[PDB]
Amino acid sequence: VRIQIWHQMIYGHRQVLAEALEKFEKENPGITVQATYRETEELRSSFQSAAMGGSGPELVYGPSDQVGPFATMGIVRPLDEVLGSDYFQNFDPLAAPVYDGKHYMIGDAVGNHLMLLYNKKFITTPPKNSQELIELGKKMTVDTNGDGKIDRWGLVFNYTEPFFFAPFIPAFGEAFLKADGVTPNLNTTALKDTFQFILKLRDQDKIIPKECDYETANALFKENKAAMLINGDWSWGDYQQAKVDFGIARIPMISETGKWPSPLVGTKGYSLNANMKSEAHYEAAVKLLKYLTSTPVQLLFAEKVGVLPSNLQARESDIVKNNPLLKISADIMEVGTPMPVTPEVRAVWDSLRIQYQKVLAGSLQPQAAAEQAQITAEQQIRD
């Protein structure tokens, strides 16, 4: 039997997946696995389309907020009866977020959180607040030839993508989701102020590039052309392989409010397709799911890309205890908030991306964009 896993794992993590899958096939004659990478957004939409069309991979792996849409569309299986209740108590609850009273996902790590990264070639002591961040960022933005072309940037990040400006929203005021976990809270001063804060970094302080997608920020940091970066724990392994001597820190506190930007903390994990071609495909998928969440595989990731296992006993390993990032990483997660997973969050992300793209393109003022983010999110939820 040949089964499939579709995932959104970055280079360093999918290298580890390949090693784990090679061992799985060696230990399970009769089962082979086809893995397919899709970027996070395309993974969600392509899994939804394939599974609604009656097909799709046996296993799908991605961020925990895909639980809401996948579960409400009936395209993934509840895992409680598959794995048993005693299974889930062995993991950090952040790795198995509950939705509608059931477990639809089990993650192999905990984190998925954004932070400040800094290149120790340039910075030894990271900024602790936004005023320091801007002052240092200006000193670290340099045009060697005085030709208007910037050679090194003070700060880079994928600031068009809503995940990357989400931490600032609660530091400027209200969270972007109300307490009920389903009502958008986007027509707020906090979102307007977040929009304006990043516009100021780009256009007034001029410490971030005018165009900076994920790969551009990634390359600039690897190439010693960005002193500071905002990125997630999924990126640690690839900067280590690229021989960047980096430190990590909280995204700096907003000076005007005294509040730490709050990263979303959660997991990326496995779900089982409601569609299974046969009993043999299902049994093989369950075997693979148990293997890829087993402590030997979690510690392989912990060893090679430096992330925190979801299994609680696995955290007693020397691999975890001796990782110099994990203590500061815990201090970063301490001011985070849990990733919401209800389907309403999907409407929030999609509305935020549409509106901030228009702001950054210069056609919509920040206040109007926050107002229309709320209206559009509510309409998408109604639909």
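Don't overthink the numbering: it's just position in the shown sequence, from 1.
Taking the mean C-alpha B-factor of each stretch as recorded, 178-186 and 193-201 are not equal, and the higher mean is that of 178-186.
Between 269-277 and 112-120, the higher mean Cα B-factor belongs to 269-277. Of the candidates 75, 244, 230, 249, it is 244 whose Cα B-factor is highest according to the PDB record. Comparing the C-alpha B-factors of 29, 56, 338, 68 in the entry, the top value falls on 29. Residue-level temperature factors show residue 358 in the lowest third of its chain, judged at the C-alpha atom. Compared with the other modelled residues of the chain, the Cα B-factor recorded for residue 38 ranks in the middle third. Residue 144: CA B factor in the highest third of modelled residues in this chain (values from the PDB entry).
Split the chain's modelled residues into thirds by C-alpha temperature factor. Residue 159 is in the highest one. The entry lists a Cα temperature factor for residue 45 that places it in the middle third of the chain's modelled residues.
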